[PDB]
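Student: Structure file query.cif (mmCIF, C-alpha atoms (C1' of nucleotides); chains and numbers go by the auth columns) right here:
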```
data_my_file
#
loop_
_atom_site.group_PDB
_atom_site.id
_atom_site.type_symbol
_atom_site.label_atom_id
_atom_site.label_comp_id
_atom_site.label_asym_id
_atom_site.label_seq_id
_atom_site.Cartn_x
_atom_site.Cartn_y
_atom_site.Cartn_z
_atom_site.B_iso_or_equiv
_atom_site.auth_seq_id
_atom_site.auth_asym_id
ATOM 1 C CA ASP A 1 15.028 14.054 -51.077 0.00 1 S
ATOM 2 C CA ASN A 2 17.896 11.823 -49.971 0.00 2 S
ATOM 3 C CA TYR A 3 20.883 12.791 -47.815 0.00 3 S
ATOM 4 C CA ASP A 4 22.620 14.692 -50.642 0.00 4 S
ATOM 5 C CA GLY A 5 19.574 15.834 -52.628 0.00 5 S
ATOM 6 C CA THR A 6 19.973 13.463 -55.585 0.00 6 S
ATOM 7 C CA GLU A 7 17.063 10.992 -55.261 0.00 7 S
ATOM 8 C CA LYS A 8 13.439 10.901 -54.110 0.00 8 S
ATOM 9 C CA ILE A 9 11.872 8.951 -51.244 0.00 9 S
ATOM 10 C CA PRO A 10 8.094 8.493 -50.868 0.00 10 S
ATOM 11 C CA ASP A 11 6.848 9.995 -47.616 0.00 11 S
ATOM 12 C CA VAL A 12 4.193 7.350 -46.904 0.00 12 S
ATOM 13 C CA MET A 13 3.232 4.225 -48.758 0.00 13 S
ATOM 14 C CA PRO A 14 -0.193 3.865 -50.418 0.00 14 S
ATOM 15 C CA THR A 15 -0.956 0.754 -48.383 0.00 15 S
ATOM 16 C CA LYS A 16 -4.197 -1.200 -48.084 0.00 16 S
ATOM 17 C CA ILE A 17 -3.551 -3.038 -44.787 0.00 17 S
ATOM 18 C CA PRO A 18 -3.039 -1.388 -41.367 0.00 18 S
ATOM 19 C CA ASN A 19 0.313 -3.039 -40.641 0.00 19 S
ATOM 20 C CA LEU A 20 0.554 -1.085 -37.373 0.00 20 S
ATOM 21 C CA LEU A 21 -2.435 -3.048 -36.050 0.00 21 S
ATOM 22 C CA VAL A 22 -1.666 -6.338 -37.825 0.00 22 S
ATOM 23 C CA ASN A 23 1.986 -6.798 -36.809 0.00 23 S
ATOM 24 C CA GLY A 24 3.026 -3.761 -34.767 0.00 24 S
ATOM 25 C CA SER A 25 6.510 -2.948 -33.539 0.00 25 S
ATOM 26 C CA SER A 26 8.561 -2.549 -30.359 0.00 26 S
ATOM 27 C CA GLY A 27 10.754 0.547 -30.296 0.00 27 S
ATOM 28 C CA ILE A 28 12.123 2.887 -27.647 0.00 28 S
ATOM 29 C CA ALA A 29 12.787 6.613 -28.006 0.00 29 S
ATOM 30 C CA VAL A 30 15.135 8.822 -25.981 0.00 30 S
ATOM 31 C CA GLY A 31 12.404 9.280 -23.372 0.00 31 S
ATOM 32 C CA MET A 32 9.511 7.249 -24.777 0.00 32 S
ATOM 33 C CA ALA A 33 8.805 3.598 -25.542 0.00 33 S
ATOM 34 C CA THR A 34 6.138 1.628 -27.390 0.00 34 S
ATOM 35 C CA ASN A 35 4.935 -1.963 -27.689 0.00 35 S
ATOM 36 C CA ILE A 36 1.960 -3.196 -29.731 0.00 36 S
ATOM 37 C CA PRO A 37 0.759 -6.823 -29.899 0.00 37 S
ATOM 38 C CA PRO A 38 -0.133 -8.314 -33.290 0.00 38 S
ATOM 39 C CA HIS A 39 -3.726 -9.000 -34.291 0.00 39 S
ATOM 40 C CA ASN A 40 -5.791 -10.935 -36.829 0.00 40 S
ATOM 41 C CA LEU A 41 -6.456 -9.412 -40.241 0.00 41 S
ATOM 42 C CA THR A 42 -10.061 -10.591 -40.614 0.00 42 S
ATOM 43 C CA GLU A 43 -11.219 -9.018 -37.348 0.00 43 S
ATOM 44 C CA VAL A 44 -9.431 -5.762 -38.202 0.00 44 S
ATOM 45 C CA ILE A 45 -11.220 -5.653 -41.564 0.00 45 S
ATOM 46 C CA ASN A 46 -14.513 -6.397 -39.800 0.00 46 S
ATOM 47 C CA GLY A 47 -13.911 -3.571 -37.331 0.00 47 S
ATOM 48 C CA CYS A 48 -13.032 -1.179 -40.148 0.00 48 S
ATOM 49 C CA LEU A 49 -16.233 -2.111 -41.987 0.00 49 S
ATOM 50 C "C1'" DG B 1 37.761 -18.068 -41.959 0.00 1 D
ATOM 51 C "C1'" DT B 2 36.351 -17.379 -36.969 0.00 2 D
ATOM 52 C "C1'" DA B 3 33.133 -12.876 -31.560 0.00 3 D
ATOM 53 C "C1'" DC B 4 33.253 -8.886 -28.203 0.00 4 D
ATOM 54 C "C1'" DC B 5 31.492 -3.901 -25.670 0.00 5 D
ATOM 55 C "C1'" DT B 6 27.680 -0.099 -24.446 0.00 6 D
ATOM 56 C "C1'" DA B 7 23.169 3.446 -25.184 0.00 7 D
ATOM 57 C "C1'" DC B 8 18.165 4.348 -25.578 0.00 8 D
ATOM 58 C "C1'" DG B 9 13.560 2.355 -22.255 0.00 9 D
ATOM 59 C "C1'" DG B 10 10.197 -1.184 -19.198 0.00 10 D
ATOM 60 C "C1'" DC B 11 9.160 -5.699 -15.971 0.00 11 D
ATOM 61 C "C1'" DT B 12 11.076 -9.404 -13.330 0.00 12 D
ATOM 62 C "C1'" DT B 13 14.336 -11.275 -9.661 0.00 13 D
ATOM 63 C "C1'" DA B 14 17.884 -11.489 -5.737 0.00 14 D
ATOM 64 C "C1'" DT B 15 19.373 -9.296 -1.285 0.00 15 D
ATOM 65 C "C1'" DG B 16 20.143 -5.951 2.540 0.00 16 D
ATOM 66 C "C1'" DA B 17 18.115 -2.041 5.459 0.00 17 D
ATOM 67 C "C1'" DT B 18 14.147 0.116 8.019 0.00 18 D
ATOM 68 C "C1'" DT B 19 10.018 0.728 10.596 0.00 19 D
ATOM 69 C "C1'" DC B 20 5.592 -1.399 11.965 0.00 20 D
ATOM 70 C "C1'" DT B 21 3.637 -4.926 14.435 0.00 21 D
ATOM 71 C "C1'" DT B 22 3.661 -8.203 17.879 0.00 22 D
ATOM 72 C "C1'" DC B 23 5.752 -11.369 21.799 0.00 23 D
ATOM 73 C "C1'" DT B 24 7.361 -11.101 26.322 0.00 24 D
ATOM 74 C "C1'" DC B 25 9.008 -9.244 31.077 0.00 25 D
ATOM 75 C "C1'" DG B 26 8.705 -5.581 35.264 0.00 26 D
ATOM 76 C "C1'" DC B 27 7.358 -5.247 40.304 0.00 27 D
ATOM 77 C "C1'" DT B 28 4.098 -2.897 42.554 0.00 28 D
ATOM 78 C "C1'" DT B 29 -0.162 -0.955 44.303 0.00 29 D
ATOM 79 C "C1'" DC B 30 -4.878 -0.407 44.221 0.00 30 D
ATOM 80 C "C1'" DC B 31 -8.972 -2.479 43.398 0.00 31 D
ATOM 81 C "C1'" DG B 32 -10.860 -6.107 44.669 0.00 32 D
ATOM 82 C "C1'" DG B 33 -11.542 -10.564 47.559 0.00 33 D
ATOM 83 C "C1'" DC B 34 -12.955 -12.483 51.746 0.00 34 D
ATOM 84 C "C1'" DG B 35 -14.599 -13.400 56.970 0.00 35 D
ATOM 85 C "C1'" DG B 36 -18.099 -11.844 60.366 0.00 36 D
ATOM 86 C "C1'" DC B 37 -22.497 -9.512 62.318 0.00 37 D
ATOM 87 C "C1'" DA B 38 -27.023 -7.060 62.640 0.00 38 D
ATOM 88 C "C1'" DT B 39 -30.628 -6.283 59.539 0.00 39 D
ATOM 89 C "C1'" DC B 40 -34.500 -6.407 56.244 0.00 40 D
ATOM 90 C "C1'" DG B 41 -36.994 -8.285 52.814 0.00 41 D
ATOM 91 C "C1'" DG B 42 -38.508 -12.879 51.482 0.00 42 D
ATOM 92 C "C1'" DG B 43 -40.470 -18.103 51.248 0.00 43 D
ATOM 93 C "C1'" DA B 44 -44.024 -21.547 53.038 0.00 44 D
ATOM 94 C "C1'" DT B 45 -47.473 -22.850 55.244 0.00 45 D
ATOM 95 C "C1'" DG B 46 -53.016 -22.318 57.066 0.00 46 D
ATOM 96 C "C1'" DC B 47 -57.495 -21.332 54.171 0.00 47 D
ATOM 97 C "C1'" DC B 48 -61.088 -20.280 50.507 0.00 48 D
ATOM 98 C "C1'" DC B 49 -63.228 -19.627 46.465 0.00 49 D
ATOM 99 C "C1'" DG B 50 -62.910 -18.234 41.829 0.00 50 D
ATOM 100 C "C1'" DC B 51 -60.220 -18.417 38.120 0.00 51 D
ATOM 101 C "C1'" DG B 52 -57.008 -21.689 35.827 0.00 52 D
ATOM 102 C "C1'" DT B 53 -57.021 -26.346 34.070 0.00 53 D
ATOM 103 C "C1'" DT B 54 -59.001 -30.026 31.591 0.00 54 D
ATOM 104 C "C1'" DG B 55 -62.591 -33.501 29.127 0.00 55 D
ATOM 105 C "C1'" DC B 56 -65.591 -33.489 25.030 0.00 56 D
ATOM 106 C "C1'" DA B 57 -67.457 -31.973 20.929 0.00 57 D
ATOM 107 C "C1'" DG B 58 -67.795 -28.661 17.104 0.00 58 D
ATOM 108 C "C1'" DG B 59 -65.833 -25.950 13.153 0.00 59 D
ATOM 109 C "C1'" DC B 60 -61.831 -24.469 10.805 0.00 60 D
ATOM 110 C "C1'" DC B 61 -56.800 -24.931 8.966 0.00 61 D
ATOM 111 C "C1'" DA B 62 -52.285 -26.850 6.569 0.00 62 D
#
```
Would you encode the structure as structure tokens?
Tutor:
Amino acid sequence: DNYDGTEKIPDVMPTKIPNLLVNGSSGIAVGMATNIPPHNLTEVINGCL
DNA sequence: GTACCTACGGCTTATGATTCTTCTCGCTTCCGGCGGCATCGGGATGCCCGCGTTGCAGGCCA
């Protein structure tokens, strides 16, 4: 549900590509932080296979 | 239409403070350095013969 309980939001997306490993992100929490380099799609598919 | 502040977190870059390490001085005293004498073990020479050295040829090695 949305902020006022009037709409619906999908929890996760039915994706086919691991965008976390392909592009990544760089965010910082209140006490934590993360940083992930991008990668190549073909080698990720090869590793998954 | 046209810019100006910090919060949340991680790696660097610039500068001062601190302790570790090393450079340098301190005169003195004790360990050593040095001159002299009696001494005690040593070198060279006399001599001989037997072992060390060497010439020649044979078989073996790199």
Student: Can you work out which residues from chain D touch chain S at a cut-off of 12 Å (counting only C-alpha atoms (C1' of nucleotides)) and hand them back as a list in words?
Tutor: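 So the residues of chain D near chain S are residues 7, 8, 9 and 10 of chain D.
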Student: What separation in Å, quoted to one decimal, exists between CA of residue 43 (chain S) and CA of residue 11 (chain S)?
Tutor: 28.2 Å
Student: What does the distance from CA of residue 17 (chain S) to CA of residue 45 (chain S) come to in Å, to one decimal?
Tutor: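 These two atoms are separated by 8.7 Å.
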Student: Can you work out the spacing between CA of residue 39 (chain S) and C1' of residue 11 (chain D) in Å, to one decimal?
Tutor: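 The value is 22.6 Å.
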Student: What lies within 12 Å of residue 48 (chain S) using all atoms listed in the file, ignoring chain neighbours under 2 positions off, as a ChimeraX atom specification?
Tutor: /S:16-18,21,41-46
